[PDB]
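In structure tokens, the next block holds one chain alone, the form deposited in one PDB entry.
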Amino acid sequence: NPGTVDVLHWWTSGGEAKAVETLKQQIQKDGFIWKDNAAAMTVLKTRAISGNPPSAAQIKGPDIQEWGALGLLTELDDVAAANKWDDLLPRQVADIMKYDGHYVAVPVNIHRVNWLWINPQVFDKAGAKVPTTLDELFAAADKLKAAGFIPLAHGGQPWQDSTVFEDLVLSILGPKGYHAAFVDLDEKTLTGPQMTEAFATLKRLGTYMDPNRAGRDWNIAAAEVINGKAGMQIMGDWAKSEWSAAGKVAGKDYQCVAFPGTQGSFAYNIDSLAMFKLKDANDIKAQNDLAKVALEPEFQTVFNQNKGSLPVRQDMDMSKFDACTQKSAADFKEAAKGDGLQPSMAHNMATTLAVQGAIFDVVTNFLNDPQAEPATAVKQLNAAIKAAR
């Protein structure tokens, strides 16, 4: 009986279908059966713990280490050697894929989180300049306001709040303090005056957001920019897909600039499929075939074209990709070369879930409260983090 590929993942859009289909096609030509699925992580766990895991699952960042440590993941040495993954993947990406020095997951895309989306026609009408610094970001918001535009499109969800916060941390503290703060959980960075400046800046910036925004999805904030009611939105590169879907084109209709002050840094969000230890010979053959094909050109191309992220392979033709994706790629290369390449904490690359929730709680509770003291906020940040660990 032939080997089966059971993948648990959340890629449910039509756009994502075209990529998932090439993956399916090939597995099938290679002699294997394909199965598919779309809280669920609890049920995944009990299945694994009782010896019925799926072949693979969308599991990312530090979470991967937990599943490794429990001994639930398989080691992909053979396929990683056959297909030369250490040569293919940037070192910092490869390391996140490994538990105790062995590949246990396959990376699938690299998002950029630290972008600012601008509507050039709206800026033009307001007489605002596209910002390169936080000072200039505020001058830009003043102009949008004076001209009757929502300066900043923002949604009211804690993950969005912290995507703004972390941008501001990356801007003010730089990539190394960002790293000490959010990867290392370094007390004296978290309570330092520089983090105090990030919170006060967050509060100011809050005053250029729409005050009735509680509970609003990111794309609704994206629509505000796309429809000419706001000038900007602070959001990852997943936002490109609303611009495309509404028929808009880079440069002509919108502009992706690095978040002001963070030029040189790349805050990354890398999605990945974790490969489970299995019991069946033929299912293991299919599992290897999946891990290989997922890292091959065809899938890495299609998947990331129809998603707005970068491919994880170093050897790919970036000409085959869109304008912001080519900028993103040069920016990744620049960052990787030095200190700039940093894991997003809003997007689950920097810390454990519980620690991330602590930061969210602090950040959101602060943004919501216009009396909040930034000196008090840095103390809670640190205290709350220590208590989630």
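The first residue of the shown sequence is 1; numbering continues from there. Superpose the two forms; the largest set of C-alphas matching within 1.5 Å is the rigid core.
This next part talks about the form deposited in another entry, which is not shown.
A 2 Å or larger CA shift between the shown form and the other one, after fitting on the rigid core, occurs at just one of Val293, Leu152, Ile270, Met195, namely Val293. Once you line up the core between the shown form and the other one, the Cα of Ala230 stays within less than 2 Å of where it was. With a cut-off of 2 Å and the rigid core superposed, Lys98 has a Cα displacement that reaches or exceeds the cut-off between the shown form and the other one.
Shown in the overlay between the shown form and the other one, fitted on the rigid core, is a CA shift at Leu116 smaller than 2 Å.
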